[PDB]
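Worksheet: the structure to be examined is printed underneath.
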Amino acid sequence: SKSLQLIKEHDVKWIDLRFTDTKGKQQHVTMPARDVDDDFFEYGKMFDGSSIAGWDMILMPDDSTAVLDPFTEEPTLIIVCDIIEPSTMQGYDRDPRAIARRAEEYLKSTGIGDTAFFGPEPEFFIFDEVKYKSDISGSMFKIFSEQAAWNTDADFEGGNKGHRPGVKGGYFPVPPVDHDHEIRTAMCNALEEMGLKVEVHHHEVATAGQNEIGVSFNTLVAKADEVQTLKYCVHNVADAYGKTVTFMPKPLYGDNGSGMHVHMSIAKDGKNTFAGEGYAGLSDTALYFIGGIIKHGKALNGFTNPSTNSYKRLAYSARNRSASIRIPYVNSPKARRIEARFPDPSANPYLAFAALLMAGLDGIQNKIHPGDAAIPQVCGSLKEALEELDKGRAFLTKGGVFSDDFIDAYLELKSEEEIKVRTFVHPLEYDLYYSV
Amino acid sequence: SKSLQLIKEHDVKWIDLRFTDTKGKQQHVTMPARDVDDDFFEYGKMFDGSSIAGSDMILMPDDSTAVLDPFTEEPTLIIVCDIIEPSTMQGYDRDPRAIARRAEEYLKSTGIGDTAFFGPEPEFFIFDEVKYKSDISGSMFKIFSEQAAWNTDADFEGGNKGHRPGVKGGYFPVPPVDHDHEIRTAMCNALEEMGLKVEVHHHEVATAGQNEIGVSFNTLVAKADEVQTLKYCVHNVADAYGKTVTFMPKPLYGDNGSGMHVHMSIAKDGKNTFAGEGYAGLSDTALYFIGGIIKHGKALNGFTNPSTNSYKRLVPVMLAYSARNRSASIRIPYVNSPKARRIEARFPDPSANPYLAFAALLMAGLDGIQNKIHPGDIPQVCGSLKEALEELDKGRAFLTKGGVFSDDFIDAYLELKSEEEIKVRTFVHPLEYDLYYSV
Amino acid sequence: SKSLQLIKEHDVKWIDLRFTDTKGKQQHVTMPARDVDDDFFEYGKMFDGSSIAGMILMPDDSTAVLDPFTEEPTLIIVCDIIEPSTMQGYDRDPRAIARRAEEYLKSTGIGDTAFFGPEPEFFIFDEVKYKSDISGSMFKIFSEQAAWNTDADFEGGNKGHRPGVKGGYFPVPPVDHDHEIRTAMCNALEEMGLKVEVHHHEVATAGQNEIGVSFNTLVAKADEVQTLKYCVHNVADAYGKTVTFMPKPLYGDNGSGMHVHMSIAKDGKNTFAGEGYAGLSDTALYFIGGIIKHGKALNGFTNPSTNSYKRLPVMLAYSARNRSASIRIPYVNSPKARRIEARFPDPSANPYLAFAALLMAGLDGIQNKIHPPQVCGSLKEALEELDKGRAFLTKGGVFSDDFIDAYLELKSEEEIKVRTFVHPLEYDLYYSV
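Residue numbers (the entry's author numbering), protein chains in the order written: chain L, 2 to 56, 63 to 321, 332 to 391, 406 to 467; chain K, 2 to 55, 62 to 322, 328 to 389, 406 to 467; chain A, 2 to 55, 64 to 321, 328 to 387, 407 to 467.
Structure follows, in structure tokens:
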């Protein structure tokens, strides 16, 4: 057991159980470290699931995910947990981690490969302050950032140096203009403490402090856990520095938003099935995977872009920026992979990865060719995405990975949220229609 | 003695004698540690009980409750005391701790069992700043908190970070949205420093900082002492951090209030009397306990819901029982062993006096067991404090059984709560201005 | 047609068709005066009533009065609500219910032209601020004459003369801050044919005043009560102040109540007048007994506001001398003006509804020969008693069961809304407990 070993080694005082709900937000609950024993892993911990959106259930801790916490003053051990319905003593039907595990099991069952490697790069925004409110009197989402392009006048305590990136021009300034070098270094430090393998970190296209920190790969469930850990680490590092981090797909206008580019690979018995004789070194399985993604792209948009903000931001190739899918340049056949570029950081990592894998497995099973390289594209609005998912849900249900009841409930939740957004007056409507 | 041993080992300089008044607020008196001896435990300490309503009185320390104080610069030893009438030398009639002790003695006398086990879960609120007033010029009330759902625009000395739980959406955000993790950890540390065994601590459903720190079970009087100690610990930890703890049942509108669920069990020679083969593995003793709680629930609201504010929260109002149907305010929590079999009543709120509320629940359960009251498989709790006091006055029969709750104490408590109720009720509400200013 | 005569005389340019919703707040819709023809009175004017909580506006020609606040010459006509489906009065119209009450009174033969005179008190506040959200529930009153402003700051100076708490019963205008304003309100009343009887400062500080006007039949008096509310509110607005008709807008001071003097006429002879106690006939005694019997049920109509039970004169018994009695017999020099004064009704009551309820209870007592218990202490209690004792209201078809159900639903929604909010005193006590 990794948990008890870590507890003994670091003499930790608290155990922070964690899990994930339907919306993708991680959830945490703390207990004393002295409560760990064989019973704690045999029966988990009872908790109330009514108050959580989309759902008396059990947090069964995952032994393999035990990891220390670098943000709590007392030594704390973080344990990600699965969710179990006490009636059946099995993984909860609507638990995203359970859905991801079922997707992995189905991938093994079909024989297309053993485990699928997922690596997503999400981008975030590091603002100083954010003041948003939308009530009857009106709406506002004002953003305060020292390095924002529009802040070229605002006097700042301690000085207003004139160095700051322009609009769409924050792509690799030297840290005189890139204000977030030390904060990105600290985020990478916290990521490495939590067991993540940081690959690279840099500024991104947008102004106001859009950054990216790409971390290593892993299997599906492990990578969803790593994505949640990355979100937690960057959020707390920004908070400790006196700043705020946003993973919204697009918190600005004009400037490119935040996207989660997901590299995808499949291994079968130790070898890569995405390498072979084909376009840019893609085997038949890789072509069928991309064809399945293309065929069910609108259906997949319900999970990869499950937010009204995703469509304020919204083919396979190797140079063509028009293509929503990229075949990245690699040096070895084992590293050959595809890349879906449309998914956003707001997506529920477990649900998104499971849905993408299901679509790709459907494409491989049906032997669907995506045509030649670089045109059907992603859906336009969240209502359109949910409608396509509702009437295009066959591959998720097939294989017993996504249950019909879960998808209906999740569609209801996202639909009510989209209705909430869609029926509120936009200040652009004031800008264009006031003097009518 | 335990107190003398602690004094000698920790070199304490002050002894802080604490007791509880009728309203449920702890009350303390400090003396030098050098003035402790055998005679101190034999005779107690004279003190004035005129300005509390429960004439000279005696503070007799309970040596078994001696504990240290981590909130003071000087080493202080806290001792919970019993109130003794000098004329009778017995326990005081209106002493809540004496009432809880009498409830334990009555439980032993009935032969139903011994060492009844109570575990409450009093949620609370953490506010950065609270301002209220009421006079002829008007009544004002406002609560300030950085993590408030309405504070999404407010300027802060440190910036307005956009992460804060929404309305009815504070149930287990991660720390970067859950603003109160370090303060909860500090409260848990203080609880461990007073001998309590914390089991879990987390945010709660409501915004503006509703938190819950569960603590392990104990006997009736011991758990009442632990509840008072937990309230003290959370209050002082928040005050050390520049914040405040609110324990009144409903300090907000439109968001979940603070409730104190009570898990009840009864032991008998080391065996659990609630474990059986009935519904959810409940023995018929447990079923009769449920029936007794149900029948006297309206009467129980007088003691377990003494606040006129508690009924702003009870708007868990079904007086039924089930392990699945969450409408009922009496739940049979899922357990992994019959040793931990228990019932749970969810209507009590943290504003209740621990001793009085626990004794009332125990006496209701005992009356149900003795009268073999079968609950069935619908009654509701009182809608206002006036109705609760009326029902308590009408149906105090079970409380007075065995001489646990005296009629004089019940009448004094009823009078005090009625004065508070008429004070609250006959004042103008700003919603009355919202509704009637233009009539 | 009185309206056409007034239009020709005053070159009226606008017509204000006014009615009253179930909540008693007067409602008005304006149309040009050139559209007033015989067809307008014959067929009324269509309006949409699906939005008002709880058809055709048929103007009451006899109640056409000039409006003294409009910058242009404007007439005001109080209108009945008529259902287009049946061309009859709307079942949920307070004016229609009051008219049915008078019809029933005339039908039963006890008497005709019940005389109602209400004395409502109001508050004049310089400023009032309030709000109630999850953040907090705030309420504050600003008044120069307020007893709590003895050390405050004002523009141009702070004169020290202002009435104390419960000490505002007729100071002189040095301390009576609202003599000119009261005379202006009286002038506005007199400019729409309201026979003002008396006007004075009342007990409470912060500007409580009473302007008692003459008597009239029940529907006419309800129209006059709405007229008085309109005029007083608009005069306070014109003077830069505000008027509150709430039963209890303060704490630690007196409230405001609509003391209703009631009597019954019969062919010009006062039926109440007699040789019994305080010179009250047996009919008057039966009236009082019926009011006492149904008092808790009556409180739903006479005290519909939750605020009313902050103001609550609770003992429901008659006395010409005792002050705790809530049904006093005011002294009168001549026997032809013998009347009984009920003090529990408050200014937040629908005048039509309250007067109809009081009259129906009194007539029920007359018919049942009841000969002689407090008022409800909460709005929920009052609504429960009203539901329990609705029989006398539905007697004669005056108060239909459907209307009482709708009124109960509306008032219950209001009471529940005000009953689940955290009073600031609840913080004052239970914050640290």
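C-beta: ideal position from N, C-alpha, C; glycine also.
Does the Cβ of residue i have 16 or more other Cβ atoms within 10 Å, making it buried, or fewer, making it exposed?
{"i": "K:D69", "result": "buried"}
{"i": "L:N308", "result": "buried"}
{"i": "A:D185", "result": "buried"}
{"i": "L:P458", "result": "exposed"}
{"i": "A:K445", "result": "buried"}
{"i": "L:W157", "result": "exposed"}
{"i": "A:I16", "result": "buried"}
{"i": "L:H268", "result": "buried"}
{"i": "L:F134", "result": "buried"}
{"i": "K:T95", "result": "exposed"}
{"i": "K:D436", "result": "exposed"}
{"i": "L:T192", "result": "exposed"}
What does DSSP give as the partner residue(s) for residue i in the beta ladder?
{"i": "K:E128", "result": "K:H268"}
{"i": "K:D121", "result": "K:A274"}
{"i": "K:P387", "result": "BP columns for K:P387 are empty, so no partner."}
{"i": "L:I91", "result": "L:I65 and L:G98"}
{"i": "A:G221", "result": "A:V207"}
{"i": "K:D17", "result": "K:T31 and K:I85"}
{"i": "L:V252", "result": "L:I133"}
{"i": "A:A332", "result": "Beta-bridge pairing links A:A332 to no other residue."}
{"i": "L:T226", "result": "L:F124"}
{"i": "L:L7", "result": "None; L:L7 has no bridge partner."}
{"i": "A:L75", "result": "A:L84"}
{"i": "K:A357", "result": "K:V269 and K:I342"}
{"i": "K:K46", "result": "K:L66"}
Considering only the alpha carbon of each residue, which of the options lies closest to residue i?
{"i": "A:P328", "options": "A:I273, A:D160 and A:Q408", "result": "A:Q408"}
{"i": "L:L368", "options": "L:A107, L:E199 and L:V241", "result": "L:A107"}
{"i": "K:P366", "options": "K:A231, K:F296 and K:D379", "result": "K:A231"}
{"i": "K:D389", "options": "K:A287, K:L413 and K:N348", "result": "K:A287"}
{"i": "L:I53", "options": "L:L84, L:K422 and L:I90", "result": "L:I90"}
{"i": "K:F426", "options": "K:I385, K:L198 and K:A440", "result": "K:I385"}
{"i": "A:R320", "options": "A:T192, A:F296, A:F359 and A:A340", "result": "A:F359"}
{"i": "A:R19", "options": "A:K9, A:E10, A:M32 and A:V13", "result": "A:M32"}
{"i": "L:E189", "options": "L:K257, L:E164 and L:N218", "result": "L:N218"}
{"i": "A:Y346", "options": "A:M201, A:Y295 and A:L289", "result": "A:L289"}
Give a yes or no on whether the minimum CB-CB distance between residue i and chain L is below 9 angstroms.
{"i": "K:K305", "result": "no"}
{"i": "K:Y286", "result": "no"}
{"i": "residue 394 of chain K", "result": "Between 389 and 406, chain K has no modelled residues, which means residue 394 of chain K does not appear in the coordinates."}
{"i": "K:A335", "result": "yes"}
{"i": "K:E189", "result": "yes"}
Between residue i and chain A, is there a C-beta pair that is closer than 9 angstroms?
{"i": "K:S146", "result": "yes"}
{"i": "K:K319", "result": "yes"}
{"i": "K:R453", "result": "yes"}
{"i": "K:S62", "result": "no"}
{"i": "K:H457", "result": "yes"}
Would you please verify whether the beta carbon of residue i is less than 9 angstroms from any beta carbon of chain K?
{"i": "A:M255", "result": "yes"}
{"i": "A:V244", "result": "no"}
{"i": "A:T311", "result": "no"}
{"i": "A:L444", "result": "no"}
Compare the C-beta of residue i against all C-beta atoms of chain B and say whether one is closer than 9 angstroms.
{"i": "A:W157", "result": "Note that chain B does not occur in the displayed structure, where the protein chains are L, K and A."}
Enumerate, from N- to C-terminal direction, the unbroken alpha helix (DSSP H) stretches of 4 or more residues contained entirely within the region 281-308 of chain K. Entirely contained in the region 281-308 of chain K, the alpha helix (DSSP H) runs reaching 4 residues are, in chain order, 291-302.
Residue ranges of each beta strand (DSSP E) run of no fewer than 3 residues wholly in the region 134-184 of chain A, ordered along the chain? 136-142 and 145-151
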